[PDB]
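Consider the single chain below, provided in structure tokens and representing the form deposited in one PDB entry.
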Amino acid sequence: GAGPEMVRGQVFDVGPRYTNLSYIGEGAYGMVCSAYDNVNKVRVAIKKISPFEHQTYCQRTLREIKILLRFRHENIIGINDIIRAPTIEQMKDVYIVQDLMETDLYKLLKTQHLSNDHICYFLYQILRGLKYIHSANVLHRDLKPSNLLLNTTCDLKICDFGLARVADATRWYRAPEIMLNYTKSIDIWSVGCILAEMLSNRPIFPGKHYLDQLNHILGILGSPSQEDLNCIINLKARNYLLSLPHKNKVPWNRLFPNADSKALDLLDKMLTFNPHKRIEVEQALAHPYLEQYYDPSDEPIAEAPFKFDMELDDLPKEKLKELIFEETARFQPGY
């Protein structure tokens, strides 16, 4: 017998079906590896999570599992298999088996210059997947380059649905609403930040802290209008913003001198301060910049909207642990 697998001192008890592990990434309460599947004869991605000590991690874990099990779309990552201990007393870790992708957008932007057509094509696939997510009445809430996975043929899939929620983060990609004390339009903002980063290979709003984040935003958009501020904003944020000196709006064509003016027009409509005036996903797909890829015939939507039977916030982590145990039962031999 081989014994339990191990990656960087950390156990990976992924049975005899999954072997040849390599580190490919990490998260807050887990680690991602690639592995050889001896059944399907492919290498896969295994996501190990260890959520049980924290009630929030348990919540995210259950939420990600229920959603990815339900969603079925080519621009969304799925779950092919889930491994965990045969008993609830023994369950300290959950392993989620997923299609292996070549890399993420974070890394690609780190060493590659994108042509306009590739920007255009990546943008299309993000929005297409976001169409499905939003049709399901779900917010991803953490769109960013490292959560966008790419394969050898530039196919794109959204990953990490841990922060995903039923319709009502990373600082650089979070909408001004979020920080001003939300709806589907927070994802559009993130997609905007991502477009801007594909254009110049650098984040458009790299705030060191939440305050510095709001500065960077206003550093391009200009001082907020009266109506822009009026949104049940917290006293702190509003007073500070009102105390700042005037900031002039920087034109997109000056910040991205060589960018397709169509790309910039859409970029403008996504990075709109006021979320009510921000472009929605379908209107985005239909934008002239994407005409070459827009195909309403081939852009599927969720059969029905998503809903949670129980209110997960209210549940103690021991109740949540039980639910993760049950949700993952169907992947258990016998069953």
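The term rigid core refers to the maximal set of C-alpha atoms that superpose within 1.5 Å between the two forms. Residues that one form lacks are left out of the comparison. Just count from 1 along the sequence shown to find any residue number.
Query raised in the report: What number of residues from the deposited sequence go unmodelled in the gap from residue 168 to residue 169, classed as none, 1 to 3, 4 to 9, or 10 or more?
Result: Per the deposited record, the segment joining residue 168 and residue 169 lacks coordinates for 10 or more residues.
| query | Should the segment between residue 181 and residue 182 be described as having none, 1 to 3, 4 to 9, or 10 or more unmodelled residues of the deposited sequence? | reply | Gap size class: 1 to 3 residues without coordinates, per the record.
Point to revise | Selected stretch [higher average CA B-factor]: 260-268 or 171-179 | key: Stretch with the higher mean C-alpha B-factor: 171-179.
*For the C-alpha atoms alone, is the average B factor greater in 322-330 or in 6-14, going by the entry?*
Mean C-alpha B-factor is greater for 6-14.
Exercise for the section: Between 253, 75, 234, 200, let me know which has the highest C-alpha B-factor in the entry? Expected result: So the option with the highest C-alpha B-factor is 234.
*Could you check 141, 134, 209, 128 and tell me which one carries the biggest Cα B-factor in the deposited entry?*
Answer for 141, 134, 209, 128: 209, with the highest C-alpha B-factor.
* To do: Sort the modelled residues of this chain by their C-alpha B factor and say whether residue 69 lands in the lowest, middle or highest third.
  => Lowest third - that is where residue 69 ends up once the chain's C-alpha B-factors are sorted.
* **Third of the chain, ranked by Cα B-factor, where residue 288 sits** => According to the entry, residue 288 has a C-alpha B-factor in the chain's lowest third.
- Query: Can you tell me which third, lowest, middle or highest, the CA B-factor of residue 54 falls into for its chain?
  - Reply: Its C-alpha B-factor, which the entry lists for residue 54, ranks in the highest third among residues of this chain.
Handout entry: Relative C-alpha B-factor of residue 302, binned into the chain's lowest, middle or highest third
Key = Residue 302: CA B-factor falls in the highest third of its chain.
Please say which third, lowest, middle or highest, residue 162 falls into when its CA temperature factor is compared across its chain. CA B-factor rank for residue 162: highest third.
There is another form of this protein, the form solved in complex with a partner chain, and it is not shown here; the text below is about that form.
Which one, 71, 124, 95, 189, lies within 4.5 Å of its partner chain in the bound PDB entry by heavy atoms? Looking at the other structure, the residue within range turns out to be 124.
**Asked** So which of 265, 227, 168, 102 reaches within 4.5 angstroms of its partner chain in the bound PDB entry, heavy atom to heavy atom?
**Response** Looking at 265, 227, 168, 102 one by one, just 102 meets the 4.5 Å heavy-atom criterion.
Check: Do residue 76 and its partner chain come within 4.5 Å of each other in the bound PDB entry, heavy atoms counted?
Finding: Because no heavy atom of residue 76 falls inside 4.5 Å of its partner chain in the bound PDB entry, the answer is no.
Does any heavy atom of residue 138 come within 4.5 Å of a heavy atom of its partner chain in the bound PDB entry? Residue 138 lies outside the contact set for its partner chain.
Check your understanding: Though only this chain appears here, would residue 292 touch its partner chain in the bound PDB entry if you measure heavy atom gaps against 4.5 Å?
Key -> Contact with its partner chain, yes.
Quick check on residue 118: any heavy atom within 4.5 Å of its partner chain in the bound PDB entry?
Yes, residue 118 is a contact residue.
Original post:
Quick one: which of 190-198, 151-159, 77-85, 256-264 gets within 4.5 Å of its partner chain in the bound PDB entry, going by heavy atoms?
Top reply: Of the stretches listed, the one contacting the partner is 151-159.
- In a superposition on the rigid core, which residue from 286, 42, 28, 304 has a CA displacement reaching 2 Å or more between this form and the one not shown? The displaced C-alpha is that of 28.
Exercise. Tell me, which consecutive runs of three or more residues change place between this form and the one not shown by 2 Å or more at the CA, with the core overlaid?
Worked result: The runs that move are 27-30, 235-237.
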